[PDB]
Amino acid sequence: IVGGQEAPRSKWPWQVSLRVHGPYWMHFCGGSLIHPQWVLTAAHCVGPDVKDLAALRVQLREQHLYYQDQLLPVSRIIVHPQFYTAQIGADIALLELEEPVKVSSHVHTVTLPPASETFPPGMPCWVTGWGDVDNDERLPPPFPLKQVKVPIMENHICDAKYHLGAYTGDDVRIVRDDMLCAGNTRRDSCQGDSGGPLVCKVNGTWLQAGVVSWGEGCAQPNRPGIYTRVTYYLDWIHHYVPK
């Protein structure tokens, strides 16, 4: 997380951490608890090539990474079959835990937005995670979960910004329709926050508008963060995750 701050223990009860087996269960991507048994995340975090379930684990809301580990096995890795690369799109995936977690005030699910939700540009939203605090700048131990308020930005504005200082024809879409865009030159998600959630507060309720997907550097001018648009894939998500 770039330009943010450590998050109070009572916020972001749905933030989760993905671990990969090695010398230790290292964090490699974030996720969000959208149902007692399901974690929503980015496809590029677990694909497009098939991974080994035994090498994957999920960690629920931890104030400081690795410190109070209680790793949970995964039962299924479901990646959108549309996915190949984050630039192409459909960067989204679902993880099915072996057991439903015991919902609590400290750790519980985030609410998916209704298929009609729009999330107007300018609206205050938040992105959270344990990613780098800046370009090639690792989150220092004790690894606190960070947060930062980023403004959503209309798809066409971002797509346009991405053409500024680039060779791609303006008529060629870079920021696609199944994508969402947020952040600025001082606030944004970073390497390590991938698959993490972008949440906004609407009717006095936190709805996940996006999933950290890709971009060009952390908090870079004319290169706002690109997130997988959640509303666009509700139907696919509901083919697995009970409503």
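Each residue number is its position in the shown sequence, starting from 1. If you superpose the two forms and keep the largest set of C-alpha atoms that fall within 1.5 Å, you have the rigid core.
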property: Greater root mean square CA deviation, 114-122 compared with 87-95 in 8 other deposited structures of this protein, core aligned; result: 114-122
property: Higher-scoring stretch by recorded Cα B factor average, 199-207 or 170-178; result: 199-207
property: 182-190 set against 25-33, stretch whose average Cα temperature factor tops the other in the entry; result: 182-190
property: Out of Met123, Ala86, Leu164, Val79, highest CA B-factor residue; result: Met123
property: Record-listed C-alpha B factor of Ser213: chain third; result: lowest
property: Chain third (lowest, middle, highest) by recorded CA B-factor, residue given as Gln220; result: middle
property: Lowest, middle or highest third - CA B-factor, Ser116; result: highest
property: CA B-factor ranking of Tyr67, expressed as a third of its chain; result: highest
property: Modelled-residue ranking by C-alpha temperature factor, third containing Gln15; result: lowest
